[PDB]
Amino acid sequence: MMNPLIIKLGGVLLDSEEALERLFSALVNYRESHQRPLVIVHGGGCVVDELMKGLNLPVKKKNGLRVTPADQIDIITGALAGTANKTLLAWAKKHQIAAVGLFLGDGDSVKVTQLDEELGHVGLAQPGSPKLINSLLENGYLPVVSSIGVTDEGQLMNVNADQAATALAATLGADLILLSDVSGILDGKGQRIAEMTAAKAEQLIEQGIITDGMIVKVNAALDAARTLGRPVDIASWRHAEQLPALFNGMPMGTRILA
């Protein structure tokens, strides 16, 4: 079978019915017109932030990662591994797509360990086994994977979805597309940056242009690009008219080179 294509979904997309409909319409069109098997990895920080306020709990992010206390990992797991994942499975079902929801621990797809005691239950994702997902793909299912993982000792871990997507890409030897609320990485004037290299990323980071979750996003993309020896794109899921060309390889945001 061909190298799969992982489409990572994140941002406020998950909270827009119209955006979800336009996205799945495009997914069906792609699936029915391409032999390359698809895999979806998703985040859902917005679903979490919303649930947190509903509980009046603060949200602190250190170096682009969400501090995840032991007293919050179960709730976060629920919002990400449960609500976010099953919402996407429901849209897949609505569009007659046979999908299967998974989290990083299923089939040890992506191995996770505690990244930093200061972050709590935040996991460091690394390549795992492609056996389960490859079998699902060969059988014609669309794996939809959340970014919650579990350590060999049985501790649930919250993994940044971009890093989770990159680790899965390495595991499956898959092409990768990171979809967000913005059209790629923006410069100091808020304009889209067409191409990105490690050198340029370092420069923009030194200058404070790339910050917060985008530093994590670009670092994950660069990691995937060098690991796969293939370009990785960071693009938007907002514009319906751009979705078809995007999924077909047309650069619509920021293309990470090696």
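Numbering starts at 1 and runs along the sequence shown. Each form is matched to the other, and the largest set of C-alpha atoms that superpose within 1.5 Å is called the rigid core.
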Item checked: More shifted region, core-based fit in 4 other deposited structures of this protein, 42-50 vs 197-205 by CA -> 42-50
Check: Which of 53-61 and 29-37 lies farther, on average, from the shown form in 4 other deposited structures of this protein once the rigid core is superposed (C-alpha RMS)?
Finding: 53-61
Next item on the list: Identify the stretch, either 221-229 or 56-64, whose C-alpha atoms have the larger mean B-factor according to the entry.
Entry: 56-64
Check: So 9-17 or 230-238, which one's hotter by mean CA B-factor in the entry?
Finding: 9-17
Check: Reading the B-factor column of the entry, which of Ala199, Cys46, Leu27, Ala194 has the highest value at its C-alpha atom?
Finding: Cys46
Note to self: Just to confirm, going by the entry's C-alpha B-factors, which of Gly188, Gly78, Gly123, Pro127 comes out highest?
What the structure shows: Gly188
Checklist line | Record-listed C-alpha B factor of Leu172: chain third | finding: lowest
Note to self: Ranking the modelled residues of this chain by C-alpha B-factor as given in the entry, is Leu38 in the lowest, middle or highest third?
What the structure shows: middle
Margin query: Split into thirds by Cα B-factor across the chain's modelled residues, where does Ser183 land: lowest, middle or highest?
Written below: highest
Next item on the list: Please rank the C-alpha B-factors of the chain's modelled residues and tell me whether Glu117 sits in the lowest, middle or highest third.
Entry: middle
Next item on the list: Relative to the other modelled residues of the same chain, rank the CA B-factor of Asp162 and answer lowest, middle or highest third.
Entry: lowest
